[PDB]
Amino acid sequence: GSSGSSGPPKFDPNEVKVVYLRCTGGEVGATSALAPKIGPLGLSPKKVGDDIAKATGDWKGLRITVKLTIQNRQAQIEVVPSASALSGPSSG
C-alpha cells in the first residue's frame, strides 16, 4: 500500500530572503540576549552586532530601518534612506 504526502516546501540556499527589523541605531547596551538568537544559527552576536553599531555610527541614537539578508551563511547590512510601501519583485 501507499499514500501521497502533498507536504509543503523547504528552505534552500539557492533562493534569497531579506529580513527587516525596527530598532535603535548603535544600541550597544545588552545582556547577551542575541546569544540564544544566533546560537543555533552559527554566526556570532558580537560580530553581527558590532557590524550594525559601526554602520550606524554616523547616525547613532536615531531611529532607522536596517535590512539583514542571509545567504550562504552570510549576513548583509544596509541602511535605507526612507520607508515606504515596497512590494513587487516582478518587473515594473
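Procedures and definitions
- Residues numbered from 1 in each chain as written, not as in the entry; some residues may be left out.
- Heavy atoms only, no water.
- Helix = DSSP H or I, 4+ residues; strand = E, 2+ residues; numbered from the N terminus.
- Rg over C-alpha atoms; globule rule 2.2 N^0.38 Å.
- Buried < 20%, exposed > 50% of the residue type's maximum accessible area, 1.4 Å probe, protein only.
- Contact = heavy atoms within 4.5 Å.
- Areas by Shrake-Rupley, 256 points an atom, 1.4 Å probe, with all protein chains shown as cover.
- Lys, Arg positive; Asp, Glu negative; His and termini not counted.
- Charge placed at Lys NZ, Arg CZ, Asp CG, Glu CD.
- Polar contact = N/O pair within 3.5 Å; in protein donor to acceptor, adjacent residues only side chain to side chain.
- Pairing = 2+ DSSP bridges.
- Axes fitted to C-alpha atoms, helices over the stretch in contact; angles between N-to-C directions.

Method of determination for the deposited model, per the PDB record: solution NMR.

Undergrad: Describe in detail the overall build of the protein, supporting the description with residues and values.
TA: A tally of regular secondary structure across the protein gives 2 helices and 3 strands. Seen in sequence order, the protein has helices and strands lined up from the N terminus as β-α-α-β-β. Here the C-alpha radius of gyration of the protein, 18 Å, is well above what a compact globule of 92 residues would show, namely 12 Å. Overall, the C-alpha framework of the protein stretches about 65 × 40 × 20 Å when taken along its three principal axes. Burial analysis of the protein (92 residues in total) assigns 10% to the buried set. A separation of at least 24 residues holds for 62% of the contacts in the protein among residues at least 6 apart in sequence. Of the roughly 8,000 Å² of accessible surface on the protein, 55% is carried by carbon and sulfur atoms. Put simply, the protein has 11 plus and 7 minus side-chain charges, and the middle of one group is 6 Å from the middle of the other.

Undergrad: I'd like to hear about the side chain of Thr56, residue by residue, with values.
TA: Of note, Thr56 is situated in the loop between α2 (45–55) and β2 (63–71). For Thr56, a relative accessible area of 1% corresponds to the buried category. A distance of 2.7 Å separates a polar atom in the side chain of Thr56 from the backbone oxygen of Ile52. A polar atom in the side chain of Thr56 sits 3.2 Å from the backbone oxygen of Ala53. Not counting residues within four places of it along the chain, the set of residues in contact with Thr56 comprises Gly25, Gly26 and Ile64.

Undergrad: Can you explain the pairing of β2? Please cite residues and give values.
TA: On any regular strand, side chains alternate: one points to one face of the sheet, the next to the other face. The pairing of strand β1 (residues 17–24) with β2 spans 8 bridges and is classified as antiparallel. Paired with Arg22 across the strands is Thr65, a residue of β2. Pairing of β2 with strand β3 (residues 74–76) involves 3 bridges; the strand directions are antiparallel. Bridging across to β3, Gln71 finds its partner in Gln74. Linking two consecutive strands that pair antiparallel, namely β2 and β3, is a turn of 2 residues; a positive phi of about 50° is found at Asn72 within it.

Undergrad: Give me the sheet that holds β3: which residues, what numbers.
TA: Overall, antiparallel pairing links the 3 strands, which are arranged β1-β2-β3 in an open sheet. For this open sheet the edge positions go to β1 and β3, each flanked by a neighbour on one side alone. Along the sheet, successive strands turn relative to each other by an average axial angle of 30°, direction set aside.

Undergrad: Any details on unusual backbone geometry? Residues and values, ideally.
TA: Positive phi, normally seen in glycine, also occurs at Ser6, with a value near 55°. Position of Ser6 among the secondary structure elements: in the segment before β1. Overall, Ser6 belongs to the exposed group, its relative accessible area being 82%. For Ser32, which is not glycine, the phi dihedral falls at a positive 55°. One can find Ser32 in the loop between β1 and α1 (35–38).

Undergrad: For the side chain of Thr69, give the residues involved together with the corresponding values.
TA: Here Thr69 is to be found in strand β2. Among the polar contacts listed, one links the side chain of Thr69 to the backbone oxygen of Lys17, at a separation of 3.1 Å. Setting aside its immediate chain neighbours within four residues, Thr69 contacts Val16, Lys17, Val18, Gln74, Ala75 and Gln76.

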